[PDB]
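Asks: Here the authors' numbering is used: the first residue of the sequence shown is 1, the next is one more, and so on.
Note that beta-carbon positions come from the ideal geometry of N, C-alpha and C, so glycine has one too.
After the structure tokens below, expect a handful of questions from me.
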Amino acid sequence: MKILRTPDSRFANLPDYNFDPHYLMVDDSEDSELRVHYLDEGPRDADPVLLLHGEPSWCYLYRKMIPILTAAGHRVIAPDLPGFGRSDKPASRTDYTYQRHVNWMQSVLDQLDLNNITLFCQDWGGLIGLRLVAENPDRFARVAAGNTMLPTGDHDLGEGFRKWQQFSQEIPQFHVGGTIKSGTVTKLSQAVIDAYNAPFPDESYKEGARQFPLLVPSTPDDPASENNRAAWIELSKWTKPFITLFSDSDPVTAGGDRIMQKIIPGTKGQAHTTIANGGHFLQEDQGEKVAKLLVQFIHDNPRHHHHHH
Ligand SMILES: [Cl-]
Ligand SMILES: [Cl-]
Ligand code: NA
């Protein structure tokens, strides 16, 4: 595979974003490697909070959440998926697969040796992140999920998702900022919208953004269907804390918290809530509120341990 790298001038002086870049290389699965950007904030020895973004966002989506988390003493890891943000971007839509995305984020976990993780996931950050939880029980301490899902393809995904999937593929050019506007309930400033467009100087950089909706399992024969069935059987044994923080104004994922509460034992006892005045990209509309709830969630669910452990 071939990769594109967004010029660094694109990332200059973005609103409410001043986080230094970190990088690591991951195997591209085709005999080379590509660069993953991530943020790594907060005390070096603190348990990490892993913030995974999805389609078609990047770690900028988390910028209002990160300072609240680090002020409360948390280490925060916020990676950019290949195809997005400051990460390298495979040049063909066919380069992007569900399994590759899982493997690329697994490599982040492995290289950073993240343990005792609190995951917060949304959109594809949950399609990927919940797979990582299922496949790495011993690395995760807690999970928070908002406006996400984990489809196996055995069921209809519903009105909202079907509309999105169709629109995302029909449009002549993919307007990343347009998608963020459509998935928020706030009149975003143009400089914020421009920050969502920053990774993508032209259409050639958008192949990951264009492929993502096609990778969502919607049939039982999807290449990810069985892996997601297996993930659900692991989640049905997840007894550690699991909270849902879905918002009120996202038809694509509405009600998706109920199946998590039904199936996942570690949801029992947690103070799930519905984030008011929040669209699909609830971190953009309601980042402060969500981050405060995530701080509280960690506080309400201590991990008892010795020093250095
Ligand atoms: Cl736009
Ligand atoms: Cl999608
Ligand atoms: Na429950």
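Taking only heavy atoms of ligand 1 into account, decide whether any of them is closer than 7 Å to the Cβ of residue 310.
Replies: No answer is possible for residue 310: the residues shown for the chain start at 1 and end at 309.
Asks: Check each residue's C-beta against every heavy atom of ligand 3 and list, in chain order, those closer than 6 Å.
Replies: Qualifying residues come out as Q261, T267 and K268.
Asks: According to DSSP, simplified to helix, strand and coil, what is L112?
Replies: Helix at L112.
Asks: Would you tell me roughly how many angstroms separate the C-alpha atoms of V49 and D202, rounded to the nearest one?
Replies: Straight-line Cα distance between these residues: approximately 33 Å.
Asks: What are the complete beta strand (DSSP E) segments, minimum 3 residues, inside the region 226–297?
Replies: Qualifying beta strand (DSSP E) stretches, in chain order: 242–244.
Asks: What's the call for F167, buried or exposed, on a 16-neighbour Cβ count within 10 Å?
Replies: Looking at its Cβ environment, which holds fewer than 16 other Cβ atoms inside 10 Å, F167 is exposed.
Asks: Based on the DSSP output, what are the partners of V36 in its beta bridges?
Replies: According to DSSP, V36 bridges with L24.
Asks: Within the same chain, show all residues whose beta-carbon is closer than 6 Å to that of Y60, passing over the 5 residues directly before and after it, in chain order.
Replies: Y17 and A195.
Asks: Would you list the residues whose beta-carbon is nearer than 5 Å to any heavy atom of ligand 2, in the order they occur in the chain?
Replies: This criterion selects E55, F212 and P213.
Asks: With 16 as the cutoff for other CB atoms within 10 Å, does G125 come out buried or exposed?
Replies: Looking at its Cβ environment, which holds 16 or more other Cβ atoms inside 10 Å, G125 is buried.
Asks: Residues in its own chain within less than 8 Å of residue 328 by CB, not counting five upstream and five downstream?
Replies: The chain is shown from 1 up to 309; residue 328 falls before or after that span and cannot be answered.
Asks: With a threshold of 8 Å on Cβ separation, who are the neighbours of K181 within its own chain once the five nearest residues in sequence on each side are excluded?
Replies: Answer for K181: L188 and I193, listed in chain order.
Asks: Taking C-alpha atoms, which residue in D138, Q169, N227 and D110 lies nearest to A209?
Replies: Closest option to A209, Cα to Cα, is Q169.
Asks: Less than 8 Å between the beta carbons of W238 and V133, yes or no?
Replies: Yes, Cβ-Cβ distance for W238 and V133 is below 8 Å.
Asks: Quick one: Cα of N13 to Cα of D31, how far?
Replies: Their backbone Cα atoms lie some 36 Å apart in a straight line.
Asks: Can you give me the C-alpha to C-alpha distance between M260 and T152, rounded to a whole angstrom?
Replies: Their Cα atoms are separated by approximately 14 Å.
Asks: Return the CA-CA distance between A191 and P7, expressed in angstroms with no decimal places.
Replies: When rounded, the distance between both Cα atoms is 18 Å.
Asks: Is residue 330 helix, strand or coil by DSSP?
Replies: Look at the range of the chain in this structure, 1 to 309, and you will see that residue 330 is not part of it.
Asks: Out of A291, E226, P21 and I263, point me to the one whose CA is closest to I275's CA.
Replies: The option with the nearest alpha carbon to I275 is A291.
Asks: Let me check you understand the geometry: is the CB of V192 closer than 7 Å to at least one non-hydrogen atom of ligand 1?
Replies: No, Cβ of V192 sits at least 7 Å from all heavy atoms of ligand 1.
Asks: Who are the Cβ neighbours of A78 in its own chain at under 7 Å, not counting the five residues just before and after it?
Replies: Hits under 7 Å: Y38, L39, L51, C59, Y62 and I66.
Asks: State the DSSP-derived secondary structure class of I171, mapped to helix, strand or coil.
Replies: Looking at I171 - three-state DSSP - the assignment turns out to be coil, as it is neither helix nor strand.
Asks: Per DSSP, which one or two residues make a beta bridge with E135?
Replies: Paired residue(s): none; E135 is not in a bridge.
Asks: How would you label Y23, buried or exposed, when you count the other beta carbons within 10 angstroms and need 16 or more for buried?
Replies: With fewer than 16 Cβ atoms within 10 Å of its Cβ, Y23 is classed as exposed.
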